[PDB]
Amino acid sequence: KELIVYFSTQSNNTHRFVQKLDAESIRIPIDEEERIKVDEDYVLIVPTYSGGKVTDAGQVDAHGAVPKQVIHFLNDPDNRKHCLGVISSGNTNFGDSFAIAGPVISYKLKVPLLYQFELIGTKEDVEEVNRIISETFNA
């Protein structure tokens, strides 16, 4: 019963990475008027959209790190209880805001941050996420 739940904007970077992985996947809809209902365990794979904001204070502002559609998904407690762990993506050029949707979701759900990657991923990323998902569903 290996399953991925993922979100991807119109640019479809996260979509293309997930389509290279071995496990079955379900897409969280872009349209904010649509929701999905998941009744099986999944690893969550999402990109980051904080845009490298900083507060008045001076720390990383994580507002909008997690796409609104992913919050709506996780707000349904039936969806939320089935998350085994989170894999986040982005671009290291966002510096201290790189892939921070992962830490945010990990904190909110109390689930492991399993992996971080960039854009559509490399061969190495596919191989590593394939192994990590398997081990997440085994242990």
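The first residue of the sequence shown is number 1, and the count goes up from there.
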Practice problem: Tell whether, across the other compared PDB entries, at least a third have no coordinates for residue 78. | Solution: no
Quiz prompt | Absent coordinates for residue 60 in a third or more of other compared entries | solution = yes
Quiz item: Which is higher in the entry, the mean Cα B factor of 92 to 100 or that of 60 to 68?
Solution: 60 to 68
Self-check item: 25 to 33 versus 41 to 49 - greater average Cα B-factor per the deposited record
Solution: 25 to 33
Quiz item: Among the modelled residues of its chain, does the C-alpha B-factor of residue 20 lie in the lowest, middle or highest third?
Solution: middle
Practice problem: Compare the C-alpha B factor of residue 130 with those of the other modelled residues in its chain, then answer lowest, middle or highest third. | Solution: highest
